[PDB]
>>> print(open('start-v9.cif').read())   # mmCIF, N, CA and C atoms
data_protein
#
loop_
_atom_site.label_atom_id
_atom_site.label_comp_id
_atom_site.auth_asym_id
_atom_site.auth_seq_id
_atom_site.Cartn_x
_atom_site.Cartn_y
_atom_site.Cartn_z
N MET A 1 -10.48 8.82 -14.71
CA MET A 1 -9.92 7.47 -14.75
C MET A 1 -10.31 6.71 -13.47
N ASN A 2 -11.58 6.27 -13.38
CA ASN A 2 -12.14 5.55 -12.23
C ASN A 2 -11.69 4.08 -12.22
N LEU A 3 -10.38 3.84 -12.08
CA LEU A 3 -9.73 2.53 -12.06
C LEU A 3 -9.82 1.95 -10.63
N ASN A 4 -11.06 1.74 -10.18
CA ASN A 4 -11.49 1.20 -8.89
C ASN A 4 -10.46 0.27 -8.22
N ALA A 5 -10.12 -0.83 -8.91
CA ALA A 5 -9.20 -1.87 -8.46
C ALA A 5 -7.83 -1.33 -8.00
N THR A 6 -7.31 -0.29 -8.66
CA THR A 6 -6.07 0.39 -8.28
C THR A 6 -6.24 1.26 -7.02
N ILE A 7 -7.42 1.85 -6.79
CA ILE A 7 -7.68 2.74 -5.65
C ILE A 7 -7.95 1.89 -4.40
N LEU A 8 -8.83 0.89 -4.56
CA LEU A 8 -9.01 -0.26 -3.69
C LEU A 8 -7.66 -0.89 -3.29
N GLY A 9 -6.83 -1.29 -4.27
CA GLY A 9 -5.52 -1.88 -4.02
C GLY A 9 -4.51 -0.91 -3.38
N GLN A 10 -4.58 0.39 -3.67
CA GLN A 10 -3.85 1.42 -2.92
C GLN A 10 -4.28 1.44 -1.44
N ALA A 11 -5.59 1.39 -1.17
CA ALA A 11 -6.14 1.23 0.18
C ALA A 11 -5.74 -0.11 0.83
N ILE A 12 -5.59 -1.19 0.06
CA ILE A 12 -5.03 -2.47 0.53
C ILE A 12 -3.58 -2.28 0.99
N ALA A 13 -2.74 -1.67 0.15
CA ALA A 13 -1.36 -1.33 0.48
C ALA A 13 -1.27 -0.55 1.80
N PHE A 14 -2.15 0.46 1.97
CA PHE A 14 -2.26 1.22 3.22
C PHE A 14 -2.70 0.35 4.41
N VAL A 15 -3.87 -0.30 4.33
CA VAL A 15 -4.49 -1.05 5.43
C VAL A 15 -3.62 -2.24 5.85
N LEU A 16 -3.17 -3.07 4.90
CA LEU A 16 -2.22 -4.15 5.19
C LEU A 16 -0.99 -3.66 5.98
N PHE A 17 -0.36 -2.54 5.56
CA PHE A 17 0.75 -1.90 6.29
C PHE A 17 0.36 -1.56 7.73
N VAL A 18 -0.69 -0.74 7.86
CA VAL A 18 -1.24 -0.28 9.14
C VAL A 18 -1.50 -1.46 10.10
N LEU A 19 -2.27 -2.47 9.70
CA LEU A 19 -2.53 -3.63 10.57
C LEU A 19 -1.29 -4.50 10.81
N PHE A 20 -0.39 -4.64 9.81
CA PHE A 20 0.91 -5.27 10.01
C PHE A 20 1.68 -4.58 11.15
N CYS A 21 1.63 -3.24 11.22
CA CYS A 21 2.07 -2.50 12.40
C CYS A 21 1.23 -2.87 13.65
N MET A 22 -0.10 -3.03 13.54
CA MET A 22 -0.92 -3.41 14.69
C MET A 22 -0.67 -4.85 15.20
N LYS A 23 0.08 -5.69 14.45
CA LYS A 23 0.27 -7.11 14.78
C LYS A 23 1.73 -7.59 14.83
N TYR A 24 2.51 -7.37 13.77
CA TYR A 24 3.92 -7.79 13.69
C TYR A 24 4.90 -6.76 14.29
N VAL A 25 4.41 -5.61 14.78
CA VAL A 25 5.20 -4.59 15.48
C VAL A 25 4.70 -4.37 16.92
N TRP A 26 3.38 -4.37 17.16
CA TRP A 26 2.78 -4.15 18.48
C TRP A 26 3.39 -5.01 19.62
N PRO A 27 3.31 -6.35 19.58
CA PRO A 27 3.90 -7.23 20.59
C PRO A 27 5.40 -6.98 20.90
N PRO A 28 6.33 -6.98 19.92
CA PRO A 28 7.74 -6.72 20.21
C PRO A 28 8.00 -5.28 20.69
N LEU A 29 7.29 -4.28 20.14
CA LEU A 29 7.28 -2.90 20.67
C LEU A 29 6.90 -2.89 22.16
N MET A 30 5.79 -3.56 22.49
CA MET A 30 5.28 -3.71 23.86
C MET A 30 6.32 -4.37 24.77
N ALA A 31 6.91 -5.50 24.34
CA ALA A 31 7.98 -6.20 25.06
C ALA A 31 9.21 -5.31 25.30
N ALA A 32 9.63 -4.54 24.28
CA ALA A 32 10.75 -3.60 24.35
C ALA A 32 10.53 -2.47 25.38
N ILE A 33 9.38 -1.78 25.33
CA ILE A 33 9.06 -0.66 26.22
C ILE A 33 8.63 -1.13 27.62
N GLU A 34 7.62 -2.01 27.69
CA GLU A 34 7.00 -2.51 28.92
C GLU A 34 3.20 -3.11 29.71
#
>>> encode(input="start-v9.cif", output="structure tokens")
Amino acid sequence: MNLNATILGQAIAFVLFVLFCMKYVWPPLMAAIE
């Protein structure tokens, strides 16, 4: 079942999360710790 778009979109779900951590968490994390 080579449903490309779903595997691609699973990788989107992963990458979007990961970079959202690299951007919407990094600065306030940095401010909190130093």
>>> atom_distance(input="start-v9.cif", atom1="atom CA of residue A:29", atom2="atom C of residue A:17")
14.7 Å
>>> atom_distance(input="start-v9.cif", atom1="atom CA of residue A:25", atom2="atom CA of residue A:7")
25.8 Å
>>> atom_distance(input="start-v9.cif", atom1="atom CA of residue A:20", atom2="atom CA of residue A:8")
17.6 Å
>>> build_atoms(input="start-v9.cif", residues="stretch 12-25 of chain A", atoms="N, CA, C and O atoms", output="PDB file, keeping the file's coordinate frame")
ATOM      1  N   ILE A  12      -5.590  -1.190   0.060  1.00  0.00           N
ATOM      2  CA  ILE A  12      -5.030  -2.470   0.530  1.00  0.00           C
ATOM      3  C   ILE A  12      -3.580  -2.280   0.990  1.00  0.00           C
ATOM      4  O   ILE A  12      -3.242  -2.662   2.108  1.00  0.00           O
ATOM      5  N   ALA A  13      -2.740  -1.670   0.150  1.00  0.00           N
ATOM      6  CA  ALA A  13      -1.360  -1.330   0.480  1.00  0.00           C
ATOM      7  C   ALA A  13      -1.270  -0.550   1.800  1.00  0.00           C
ATOM      8  O   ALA A  13      -0.466  -0.884   2.663  1.00  0.00           O
ATOM      9  N   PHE A  14      -2.150   0.460   1.970  1.00  0.00           N
ATOM     10  CA  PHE A  14      -2.260   1.220   3.220  1.00  0.00           C
ATOM     11  C   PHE A  14      -2.700   0.350   4.410  1.00  0.00           C
ATOM     12  O   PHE A  14      -1.987   0.262   5.410  1.00  0.00           O
ATOM     13  N   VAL A  15      -3.870  -0.300   4.330  1.00  0.00           N
ATOM     14  CA  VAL A  15      -4.490  -1.050   5.430  1.00  0.00           C
ATOM     15  C   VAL A  15      -3.620  -2.240   5.850  1.00  0.00           C
ATOM     16  O   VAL A  15      -3.331  -2.378   7.039  1.00  0.00           O
ATOM     17  N   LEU A  16      -3.170  -3.070   4.900  1.00  0.00           N
ATOM     18  CA  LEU A  16      -2.220  -4.150   5.190  1.00  0.00           C
ATOM     19  C   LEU A  16      -0.990  -3.660   5.980  1.00  0.00           C
ATOM     20  O   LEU A  16      -0.635  -4.265   6.992  1.00  0.00           O
ATOM     21  N   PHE A  17      -0.360  -2.540   5.560  1.00  0.00           N
ATOM     22  CA  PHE A  17       0.750  -1.900   6.290  1.00  0.00           C
ATOM     23  C   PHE A  17       0.360  -1.560   7.730  1.00  0.00           C
ATOM     24  O   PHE A  17       0.992  -2.003   8.692  1.00  0.00           O
ATOM     25  N   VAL A  18      -0.690  -0.740   7.860  1.00  0.00           N
ATOM     26  CA  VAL A  18      -1.240  -0.280   9.140  1.00  0.00           C
ATOM     27  C   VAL A  18      -1.500  -1.460  10.100  1.00  0.00           C
ATOM     28  O   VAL A  18      -0.974  -1.457  11.216  1.00  0.00           O
ATOM     29  N   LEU A  19      -2.270  -2.470   9.700  1.00  0.00           N
ATOM     30  CA  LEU A  19      -2.530  -3.630  10.570  1.00  0.00           C
ATOM     31  C   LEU A  19      -1.290  -4.500  10.810  1.00  0.00           C
ATOM     32  O   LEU A  19      -1.135  -5.054  11.894  1.00  0.00           O
ATOM     33  N   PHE A  20      -0.390  -4.640   9.810  1.00  0.00           N
ATOM     34  CA  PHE A  20       0.910  -5.270  10.010  1.00  0.00           C
ATOM     35  C   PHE A  20       1.680  -4.580  11.150  1.00  0.00           C
ATOM     36  O   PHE A  20       2.226  -5.261  12.017  1.00  0.00           O
ATOM     37  N   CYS A  21       1.630  -3.240  11.220  1.00  0.00           N
ATOM     38  CA  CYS A  21       2.070  -2.500  12.400  1.00  0.00           C
ATOM     39  C   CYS A  21       1.230  -2.870  13.650  1.00  0.00           C
ATOM     40  O   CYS A  21       1.811  -3.066  14.718  1.00  0.00           O
ATOM     41  N   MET A  22      -0.100  -3.030  13.540  1.00  0.00           N
ATOM     42  CA  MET A  22      -0.920  -3.410  14.690  1.00  0.00           C
ATOM     43  C   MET A  22      -0.670  -4.850  15.200  1.00  0.00           C
ATOM     44  O   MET A  22      -1.160  -5.187  16.273  1.00  0.00           O
ATOM     45  N   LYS A  23       0.080  -5.690  14.450  1.00  0.00           N
ATOM     46  CA  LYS A  23       0.270  -7.110  14.780  1.00  0.00           C
ATOM     47  C   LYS A  23       1.730  -7.590  14.830  1.00  0.00           C
ATOM     48  O   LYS A  23       2.132  -8.231  15.801  1.00  0.00           O
ATOM     49  N   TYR A  24       2.510  -7.370  13.770  1.00  0.00           N
ATOM     50  CA  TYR A  24       3.920  -7.790  13.690  1.00  0.00           C
ATOM     51  C   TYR A  24       4.900  -6.760  14.290  1.00  0.00           C
ATOM     52  O   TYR A  24       6.096  -7.043  14.349  1.00  0.00           O
ATOM     53  N   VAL A  25       4.410  -5.610  14.780  1.00  0.00           N
ATOM     54  CA  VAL A  25       5.200  -4.590  15.480  1.00  0.00           C
ATOM     55  C   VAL A  25       4.700  -4.370  16.920  1.00  0.00           C
ATOM     56  O   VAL A  25       5.518  -4.222  17.821  1.00  0.00           O
TER      57      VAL A  25
END
